[PDB]
Amino acid sequence: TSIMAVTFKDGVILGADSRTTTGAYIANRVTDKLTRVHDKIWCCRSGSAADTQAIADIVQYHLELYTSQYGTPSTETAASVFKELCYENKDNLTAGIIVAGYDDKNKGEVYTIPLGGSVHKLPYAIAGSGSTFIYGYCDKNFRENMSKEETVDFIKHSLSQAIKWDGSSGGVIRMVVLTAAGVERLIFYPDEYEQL
Amino acid sequence: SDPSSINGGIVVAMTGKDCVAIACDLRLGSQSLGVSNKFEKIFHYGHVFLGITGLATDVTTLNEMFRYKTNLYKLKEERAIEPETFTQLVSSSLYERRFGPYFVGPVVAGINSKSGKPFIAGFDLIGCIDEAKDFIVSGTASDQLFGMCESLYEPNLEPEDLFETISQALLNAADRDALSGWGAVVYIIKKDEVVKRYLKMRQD
Amino acid sequence: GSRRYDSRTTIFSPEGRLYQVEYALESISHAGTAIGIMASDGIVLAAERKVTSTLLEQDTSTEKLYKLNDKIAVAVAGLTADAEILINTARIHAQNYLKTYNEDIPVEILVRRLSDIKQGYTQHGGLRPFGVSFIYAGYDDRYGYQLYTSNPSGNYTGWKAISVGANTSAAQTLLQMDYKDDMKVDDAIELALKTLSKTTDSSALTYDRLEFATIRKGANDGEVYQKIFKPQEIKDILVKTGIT
Amino acid sequence: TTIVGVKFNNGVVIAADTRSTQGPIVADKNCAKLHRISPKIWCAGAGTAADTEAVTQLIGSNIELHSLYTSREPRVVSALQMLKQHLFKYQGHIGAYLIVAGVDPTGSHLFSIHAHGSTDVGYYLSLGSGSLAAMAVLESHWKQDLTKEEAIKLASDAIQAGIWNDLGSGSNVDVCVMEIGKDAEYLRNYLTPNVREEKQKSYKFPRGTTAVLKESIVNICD
Amino acid sequence: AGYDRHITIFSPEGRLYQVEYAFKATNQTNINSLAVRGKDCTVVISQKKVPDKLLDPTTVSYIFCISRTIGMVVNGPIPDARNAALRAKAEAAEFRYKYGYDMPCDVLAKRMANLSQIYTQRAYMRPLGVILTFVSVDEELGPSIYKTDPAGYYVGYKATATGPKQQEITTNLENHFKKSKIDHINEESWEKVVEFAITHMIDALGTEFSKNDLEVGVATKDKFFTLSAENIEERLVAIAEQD
Amino acid sequence: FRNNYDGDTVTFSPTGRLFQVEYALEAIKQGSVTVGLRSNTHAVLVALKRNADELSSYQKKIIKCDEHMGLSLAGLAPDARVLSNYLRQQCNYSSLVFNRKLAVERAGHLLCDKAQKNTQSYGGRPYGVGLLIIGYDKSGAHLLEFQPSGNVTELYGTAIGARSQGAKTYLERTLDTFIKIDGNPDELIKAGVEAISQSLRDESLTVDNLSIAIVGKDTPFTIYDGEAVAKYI
Amino acid sequence: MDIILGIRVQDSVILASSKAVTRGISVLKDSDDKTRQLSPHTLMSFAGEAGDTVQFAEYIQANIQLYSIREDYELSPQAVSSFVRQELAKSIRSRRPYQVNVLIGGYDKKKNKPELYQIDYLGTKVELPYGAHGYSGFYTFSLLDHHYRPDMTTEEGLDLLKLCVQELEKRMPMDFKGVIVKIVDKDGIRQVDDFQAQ
Amino acid sequence: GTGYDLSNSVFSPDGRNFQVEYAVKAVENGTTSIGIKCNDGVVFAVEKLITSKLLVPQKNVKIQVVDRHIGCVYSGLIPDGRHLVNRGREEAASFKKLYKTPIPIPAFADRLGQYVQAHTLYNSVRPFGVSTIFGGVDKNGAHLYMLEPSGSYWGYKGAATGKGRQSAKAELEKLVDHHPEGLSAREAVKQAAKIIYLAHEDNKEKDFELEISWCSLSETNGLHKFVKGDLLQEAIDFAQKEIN
Amino acid sequence: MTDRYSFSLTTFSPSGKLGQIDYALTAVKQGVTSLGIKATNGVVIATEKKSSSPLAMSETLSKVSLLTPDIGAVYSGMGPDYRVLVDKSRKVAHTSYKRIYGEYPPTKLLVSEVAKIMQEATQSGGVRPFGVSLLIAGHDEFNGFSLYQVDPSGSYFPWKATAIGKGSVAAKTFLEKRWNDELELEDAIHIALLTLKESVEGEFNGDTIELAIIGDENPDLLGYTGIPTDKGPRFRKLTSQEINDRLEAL
């Protein structure tokens with residue numbers, strides 16, 4: 001698994017690979033790890049597929065009930081609901097979730113939630129097994145307030161290297177762009193990112 | 001260690017021409033020690049017959065449970081239980097104890113009173129329905145019974161001919177099993193009558 | 001709170017009577033008459049159907065005579081729905097005994113258990129009592145042919161011949177007049193039909209207004225057999241006795 | 001066990017083998033692995049056979065009650081959501097690995113569910129011991145915008161690969177076709193490429209071969 | 001004996017007075033509301049009355065956003081209205097989580113009517129003195145109007161009316177659908193369907209409205225929304241340039 | 001009128017009154033008189049004990065809650081035992097969990113909430129006792145009057161019970177005098193003894209009749225009875 | 001384990017139970033009566049876990065006696081054995097099972113025939129002419145299979161048990177300190193005080 | 001008939017809940033309290049009836065804080081008001097625990113609203129004898145609410161309840177008419193003092209103490225704080241100047 | 001909070017009458033007339049759709065409901081009470097039978113389950129009886145076709161033909177004259193329309209009358225093909241057009 005979310009000038013972009021494995025066999029090579037919990041709040045999923053799907057479904061339920069009563073929730077609020085489930089059920093869950101959402105006031109925000117159940121607000125966050133191989137690359141190439149063109153290239157180059165070295169990562173690079181304009185789905189095939 | 005290998009014993013069922021047959025050994029044991037030569041494993045509730053293998057305490061318990069349930073069924077429905085319906089009753093009763101199961105191998109045999117259709121069914125310890133048109137086997141000599149039935153069996157056998165098939169399949173399988181034997185009994189089920197025959201076999 | 005609306009179902013009257021039990025017994029006295037007669041070679045159960053129509057399917061109808069066990073049966077007087085609740089629990093209890101001891105439940109033990117459930121609703125719970133009076137007809141290897149009766153209070157007694165429902169005072173007098181200890185089932189069948197016909201509030205006692213059952217040990221079998229009479233079988237025996 | 005699911009232009013098709021095993025011994029040579037959630041939503045089971053049968057009938061019962069409550073045709077996403085939440089609660093102890101497919105007012109759908117409660121969506125899926133043999137054929141011959149007949153051929157070929165190559169699979173091929181505007185056609189024993197050859201000898205015993213000690217008539221009538 | 005009119009038990013006539021008195025509580029607010037279906041939309045119109053000058057006009061509302069698709073207008077006291085609003089929102093969220101799809105308008109109505117039936121049968125839970133009108137554009141049934149009452153009764157409507165002057169609006173709508181012969185309002189845009197609903201509110205009640213006198217809820221495909229005071233004002237200019 | 005709305009505490013009257021609470025308040029007026037008063041350094045409780053017979057003992061009126069807090073009762077003694085026991089536990093909870101002496105103001109809030117829960121639910125009755133809580137915390141000396149209604153008021157001086165208006169009028173008149181009695185416990189006691197004597201009508205205060213308690217700056221809550229109150233007679 | 005033996009002859013059921021109670025390294029008692037009277041004509045012997053063995057036996061005794069008072073009637077040996085079996089069947093799947101092996105020795109007054117039942121801790125009932133629990137059967141069964149007849153007298157049954165005990169006292173490594181022998185017939189339950197040198 | 005006012009959840013023939021209306025009478029009998037919404041915050045003020053000189057000044061605090069940004073003031077049965085604030089504090093902590101952000105005022109208003117309405121649904125519970133004026137500053141501006149015994153609440157430019165609610169509302173209506181652009185935080189505190197002094201004329205037989213609190217975005221950083229010292233005395237002097 | 005109504009609301013009066021049952025039966029009498037007729041090869045159940053408003057769609061309100069593919073139900077009395085009973089009847093068919101025996105319950109046993117729920121509403125604490133009488137028509141393999149009436153008391157009776165509601169006394173008398181043990185399904189529908197016409201005051205057409213049958217299996221309504229033993233539901237609700245076609249031959 002190789003997942004990341006990067007804040008930029010106009011908002012935030014979430015990125016993921018499409019490989020889920022059962023041992024050394026790829027059970028699904030076209031997986032969507034970028035899950036919507038609210039209109040402009042999305043999450044990246046790593047670890048147990050059954051756990052992360054169950055958490056995201058409960059968060060989507062909580063945020064739907066929130067919107068019915070109080071209106072559009074903040075990214076911090078969504079990250080808090082994710083954390084509450086992850087922290088309180090830490091003994092039974094294996095989930096590494098990156099929470100990224102767009103706000104009109106707060107712009108783009110990224111919150112990473114590792115195994116333990118802690119929250120960390122970051123300009124950008126990398127997670128999954130493949131993220132270990134790109135810690136050096138991302139720290140040297142990341143800049144604040146990049147353009148959409150630059151951020152897509154940054155995630156595309158990072159995840160391509162993550163896929164290259166990690167056996168658990170692979171398939172296609174999926175991207176979700178969160179700005180004031182709306183939600184944009186992006187996809188990049190092996191024939192493109194492997195030769196970068 | 002294995003609860004299905006403490007007591008021993010085997011049950012076999014077969015279909016024929018307008019008839020079904022069910023057979024079992026009479027052995028009850030405690031590991032190597034032989035305890036009883038009269039432990040019958042076939043029971044009947046109306047016209048539906050049930051053979052149970054495995055742990056003997058569960059064999060007795062389930063017999064008392066299915067007698068409990070078929071009696072209440074008969075009072076409510078105002079009719080006898082049917083082989084197809086009883087098969088589902090066994091399946092649901094076994095799955096009710098999914099995480100604390102009865103260590104058994106139940107076998108349903110009988111003829112539908114309305115259609116005249118011969119019916120046999122098999123179950124694991126947790127209640128998976130094994131509905132085969134030919135034969136159903138269960139017990140500590142299941143491998144021995146599978147080899148006997150696959151070779152000896154032929155479709156549409158007469159009640160007198162099917163008796164010879166099921167008896168030879170049971171006896172020669174029991175003689176290759178340490179935990180099976182000590183007498184045998186065969187039921188020949190027909191639409192109108194049921195014949196019970198005790199078989200002469202090795203007593204070792 | 002809710003104290004205002006509480007009728008207090010489980011309290012004594014100044015006289016020492018239970019209001020709801022006495023009023024339930026009043027409800028039974030309007031229901032169809034059920035008569036049980038115990039003979040030397042069997043038991044007879046006869047009951048009069050309350051409120052009948054021409055378009056009522058009698059062949060599939062069961063409102064008074066119910067089967068609890070292979071050896072035990074009941075005659076119902078009062079609320080049919082309340083009876084089926086108790087009849088179901090009695091069926092479970094009979095099977096619980098059979099599972100425990102591998103023997104058929106003795107009649108009295110089944111009667112006592114049902115009567116104890118009736119008593120429960122009389123002492124605690126704050127709920128209304130069961131408006132049902134049973135006649136128990138059963139057989140066991142201890143006492144043989146047995147006849148019991150239980151009412152909303154939870155009191156049960158043994159009988160040679162008893163009537164529940166409407167016109168019991170008149171029915172019991174007729175039974176006490178013609179009953180003898182050396183009776184045969186065929187004679188008991190006649191007495192049960194004659195007593196009902198004389199106590200009927202309707203014009204004539206016909207087959208479509210009756211439920212009939214006999215519990216006999218077959219001489220050519222050696223086992224006790226229950227026989228709930230079909231609409232045609234009731235019609236036949238009604239002519240044989242001399243009622244037509 | 002080999003189970004597959006293939007999406008075509010106007011619906012979805014599922015297929016399975018008919019071999020049930022208790023270890024290395026075949027228990028059933030012709031069992032039904034294609035189960036029915038609802039009239040137009042069908043399920044293929046792998047793993048613990050008692051678990052797959054019961055979880056299908058439980059959710060199928062609840063789907064029927066939901067359909068009657070809402071006055072609407074059952075949806076695949078409904079059957080999917082109820083199956084995954086049930087399997088997640090038991091933390092994988094209920095060994096049910098399912099391929100659920102069907103048609104509804106929203107269209108055609110194909111999903112796969114694992115015992116722990118994870119779900120996957122695709123155009124071609126395979127589960128069981130013969131999954132790798134089936135997927136190999138699926139990855140080689142699958143194309144976008146398949147016709148009905150092409151989908152039946154592709155799914156059946158994938159199952160055959162399980163029959164011949166995987167030891168946990170064998171015997172016959174069961175197929176179920178689910179089209180958008182039509183009734184679902186369940187094809188029991190669509191292919192029978194494993195017919196037992198005639199025995200070299202008849203083993204019919206002469207009457208009186210087995211020795212009988214005692215004989216009696218059993219009483220059925222009460 | 002005389003407590004049959006105090007709790008939800010049958011009277012000698014076979015009536016339930018507590019339910020009947022809960023119907024009377026619905027007219028306590030003295031507010032009329034109507035609902036109509038368009039070609040691909042559903043519109044609810046409710047009277048907005050602000051008696052006290054110290055009140056915040058933006059907070060005075062009887063139209064609720066239950067989910068993304070479903071909206072609800074209530075006739076009756078606001079404490080019971082918000083009780084039914086919160087429950088409906090909770091039921092809507094749970095349905096989506098459990099069954100994987102958005103709860104339909106009729107299903108929510110049936111669910112809320114089932115709960116209202118419980119208060120009609122069980123003694124300790126009093127009936128809510130409110131009438132709930134649910135509106136949406138269902139993905140299967142299209143534009144939908146479903147109304148629930150304290151009795152636990154619910155049914156679908158081509159168009160409905162609720163309030164003290166309900167019969168005046170009901171007969172006014174009845175005479176239009178007898179004239180037009182179709183069951184909906186034949187118009188493409190929702191704006192003109194709102195215009196229709198306001199015009200017939202004026203014709204039936206016999207009262208002119210300002211931007212603050214009305215409250216509008218519009219249901220479209222995949223969205224329900226309430227109009228602001230200036231949105232209603234724009235709609236009132238359009239109908240004024242016709243009469 | 002009154003007969004229809006006094007059946008239980010849950011029922012409101014047409015005027016908005018709670019008669020069961022009002023009847024619980026009447027139990028205090030029937031009870032024996034007790035006086036509470038304070039200055040800037042010390043807080044004093046003076047209570048008149050009541051006996052059934054001349055052969056009976058005088059029932060205690062003052063209960064110690066903590067080393068820095070205590071109260072006097074007027075009305076039902078078992079109800080005072082329950083409320084004082086709860087206050088003993090609340091003082092104990094603060095000292096064990098937070099290592100903190102419970103504020104007398106917060107102690108009044110806790111007694112308010114516990115009394116309130118008895119007035120809103122069915123089956124329950126209001127407490128039939130009035131309490132005068134004194135204490136010394138981080139903000140100095142305190143005196144609080146507890147009422148079964150839940151109303152708790154912080155006061156310089158107060159009196160509850162039978163004929164308690166006489167003592168209350170005295171303390172209201174002597175307000176400027178006893179407030180300035182700082183660093184002198186004995187003179188504050190005498191101000192309370194003269195206060196409780198204004199409520200006397202049946203008999204005079206004697207040796208085994210009077211009950212006095214004090215808590216202050218360097219004085220833990222101690223109760224004086226019998227021989228220890230003889231010098232104030 | 002302790003020695004528990006049973007034999008059903010023509011008119012009676014004979015039970016033989018070992019007298020020794022061993023805890024760890026020492027024999028604490030050599031005169032323990034490992035049997036309980038459930039009813040006038042029904043006797044039960046027991047062996048197994050230290051605490052469970054007596055606790056279960058007295059629990060069954062209390063229930064049968066409760067039934068006898070309520071119904072003013074003695075349950076048949078079959079009805080008693082079925083009750084015992086169900087209790088052990090319920091116990092085997094509980095939090096902590098009764099590790100008790102029992103022999104039911106009763107005389108049916110209605111049938112006028114002796115009856116012997118063998119139930120282990122799992123709840124496995126079997127009606128037998130002769131029965132044993134634990135390792136007892138390994139030494140005794142061959143002697144019982146050889147000499148036993150259904151028409152044997154009480155005197156003949158005692159001689160066969162004597163032969164069974166002599167084999168146990170020779171080949172079995174444990175010293176069970178002899179046996180207490182009890183007869184169950186139509187007249188009730190009596191104890192054979194002279195088996196030490198019969 | 002009659003007796004519809006005896007039980008809580010019972011509907012009267014005209015569709016009313018008399019027990020709730022009876023709880024309103026307890027509020028009307030209580031002390032007058034007010035709330036003023038300004039251009040960036042809210043100002044709360046309450047009357048404090050001095051029963052005796054024995055009452056310690058500035059000690060018996062009536063205005064309560066919920067969370068760190070909400071201020072609550074109520075009229076009627078004071079213990080009932082505390083019970084509502086205790087629930088409000090539990091509900092606010094539950095919101096912050098799950099959603100991280102402090103509870104919005106409209107969000108908090110409904111939480112109290114649903115709880116008070118719940119006490120009108122059963123005959124086992126008594127309706128709240130308080131009308132609570134509350135509010136604060138959240139994500140989008142300031143909010144002021146007033147909650148009734150029925151559970152009914154609305155947003156307010158100015159709120160008034162208690163003994164002198166009529167005089168208070170009349171003076172609050174003048175402020176809305178004279179200041180359409182919006183009153184300031186400094187002006188609202190001074191005015192809140194004037195409103196009570198004029199509303200005290202309804203209970204002028206007894207002496208009273210003034211208690212003011214405020215929550216302003218620019219003055220108190222959006223947090224609830226009590227008006228103390230010079231600012232409190234400046235408010236008293238402003239009210240004492242315009243009373244004559 | 002907490003239900004303090006733990007006592008019975010239905011109690012025996014001095015005369016022996018159970019008040020709440022009698023008053024519930026009175027509510028049934030005020031209800032719209034519904035009827036049921038059993039033929040040799042089917043059962044028919046019919047009722048009038050009493051619309052509260054012409055603006056309201058009568059299609060959305062179904063007085064006749066499917067319980068199982070072989071069993072249907074109709075009522076007279078309180079609509080909301082019927083709807084919740086159908087929800088419970090559908091659930092009890094699965095929970096108490098289908099999840100046990102793998103097949104749908106016979107008519108008589110499902111009727112018994114519904115009757116039990118209605119009996120409990122007479123004895124349990126803090127509840128009133130259901131203000132409805134139900135007519136349940138169904139088919140099973142071993143009993144054939146059957147029709148049952150379930151009352152608020154929880155009592156049930158099997159019927160050849162019966163009617164409940166407003167003009168039930170007049171309808172039963174009409175049914176007694178026209179019914180015979182040799183009636184065909186199409187004949188039973190003909191009498192059903194004739195009997196219901198006497199009760200209906202206003203418009204008598206396929207839009208104002210709700211009718212359903214329990215007859216032959218419908219393979220076109222099953223939804224799937226493949227299993228030979230599965231032949232389709234026996235319950236079929238007649239459409240507005242199907243009713244109008246039989247009204248022309250009245």
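Looking at the method and resolution fields of the entry, one finds X-ray crystallography and 2.70 Å.

*Asks:* For this particular structure, what's the right way to read the interface of chain D and chain B?
*Replies:* Buried accessible area, meaning the area lost when the parts come together, often serves as the stated size of an interface. Tallying the contact residues gives 35 residues for chain D and 40 residues for chain B. Here chain D and chain B share 7 salt bridges between them. Two residues, B:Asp161 and D:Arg207, come together in a salt bridge whose shortest N-O distance is 2.8 Å. At the boundary of chain D and chain B, one finds 18 residue pairs in polar contact. Of all the secondary-structure elements, those providing two or more residues to the side of chain D that touches chain B are β4 (25–28), α1 (49–70) and β13 (212–218) of chain D. Per-element accounting of the side of chain D that touches chain B gives the leading share, 7 residues, to β13(D). For the side of chain D that touches chain B, the residue count by class is 17 nonpolar, 8 polar and 10 charged. Pairing of strand β11 (residues 194–199) of chain B with β13(D) involves 6 bridges; the strand directions are antiparallel. Following the sheet pairing, B:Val195 is matched in β13(D) by D:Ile217.

*Asks:* For this particular structure, what's the right way to read the pairing of strand β2 (residues 13–18) of chain G?
*Replies:* One face of the sheet, then the other: side chains in a regular strand alternate in exactly this way. All names here are of chain G. Within β2, 6 of the 6 residues are buried, which leaves the element mostly enclosed by the surrounding structure. Alternating residues of β2 divide into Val13, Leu15 and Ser17 and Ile14, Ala16 and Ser18, and every residue in both groups is buried. The pairing of strand β1 (residues 4–8) with β2 spans 5 bridges and is classified as antiparallel. Across the sheet, residue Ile7 finds its bridge partner in β2, namely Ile14. Counting the residues between successive antiparallel strands, the hairpin from β1 to β2 contains 4 residues. When β2 meets strand β11 (residues 179–185), the two strands line up antiparallel, connected through 6 bridges. Bridge assignment links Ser18 to a residue of β11, and that residue is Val179.

*Asks:* Help me understand the interface of chain B and chain I in this model?
*Replies:* Of the residues lining the interface, 11 residues belong to chain B; the matching set on chain I comes to 11 residues. Here chain B packs against chain I, burying approximately 1,100 Å² in sum over the two surfaces, 56% of which is carbon and sulfur. Taking the shortest distance from any N to any O, the salt bridge between I:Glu141 and B:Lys114 comes out at 4.0 Å. Our enumeration of links across chain B and chain I arrives at 5 residue pairs in polar contact. Among the secondary structure elements, those contributing two or more residues to the side of chain B that touches chain I are α1 (56–77) and α2 (83–95) of chain B. Top contributing element to the side of chain B that touches chain I by residue count: α2(B), with 4 residues. Split by residue class, the side of chain B that touches chain I holds 2 nonpolar, 3 polar and 6 charged.

*Asks:* Quick question: what am I supposed to make of the side chain of H:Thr132 here?
*Replies:* Residues and elements named next belong to chain H. Tracing the sequence through the fold places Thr132 in strand β5 (residues 130–138). Using a relative accessible area of 2% as the deciding quantity, one classes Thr132 as buried. Not counting the four nearest positions on each side in its chain, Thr132 is found in contact with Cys72, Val73, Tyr74, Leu84, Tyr145, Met146 and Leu147.

*Asks:* I tried to follow the sheet that holds strand β9 (residues 125–127) of chain G on my own but got confused; where do I start?
*Replies:* Two strands in a sheet stick together by hydrogen bonds in their backbones, pointing the same way (parallel) or opposite ways (antiparallel). Residue and element names in this part refer to chain G. Taken together, 5 strands build an open sheet; the order of strands is β5-β6-β7-β8-β9 and the sheet is antiparallel. Edge positions in the sheet fall to β5 (35–39) and β9, since each has one partner strand and no second. Here the average twist between neighbouring strands, direction ignored, is 20°. Against the sheet, helix α1 (residues 52–71) engages β5, β6 (42–48) and β7 (100–108), with an angle of about 15° to β5. On top of the sheet, helix α2 (residues 77–91) reaches β5, β6, β7, β8 (113–119) and β9; it is set at about 165° to β7, its chief contact.

*Asks:* Looking at this model, I keep getting lost on the pattern of salt bridges. Mind explaining?
*Replies:* Between side chains of opposite charge, a pair can form as their charged atoms come close. This structure, assessed with the given rule, holds 99 salt bridges over all chains. With a shortest N-O distance of 2.7 Å, E:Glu140 and D:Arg75 are connected by a salt bridge. A residue pair is termed interchain when its members come from two chains, as with E:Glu140 in the loop between β5 (131–138) and β6 (142–148) and D:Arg75 in the loop between α1 and α2 (76–89). Assessed through its relative accessible area of 6%, D:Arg75 is described here as buried. A salt bridge links F:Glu67 to F:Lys64, with the shortest nitrogen-to-oxygen separation between them at 3.2 Å. F:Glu67 gets classed as partly exposed once you look at its relative accessible area, which sits at 48%.

Cut-offs applied
- Residues numbered from 1 in each chain as written, not as in the entry; some residues may be left out.
- Chains lettered and ligands numbered in written order.
- Part of a larger assembly, values for the part shown.
- Heavy atoms only, no water.
- Contact = heavy atoms within 4.5 Å.
- Salt bridge = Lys/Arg side-chain N within 4 Å of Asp/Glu carboxyl O.
- Polar contact = N/O pair within 3.5 Å; in protein donor to acceptor, adjacent residues only side chain to side chain.
- Helix = DSSP H or I, 4+ residues; strand = E, 2+ residues; numbered from the N terminus.
- Nonpolar A, V, L, I, M, F, W, Y, C, P; charged D, E, K, R; others polar.
- Pairing = 2+ DSSP bridges.
- Buried < 20%, exposed > 50% of the residue type's maximum accessible area, 1.4 Å probe, protein only.
- Buried area = accessible area lost by both parts, 1.4 Å probe.
- Axes fitted to C-alpha atoms, helices over the stretch in contact; angles between N-to-C directions.

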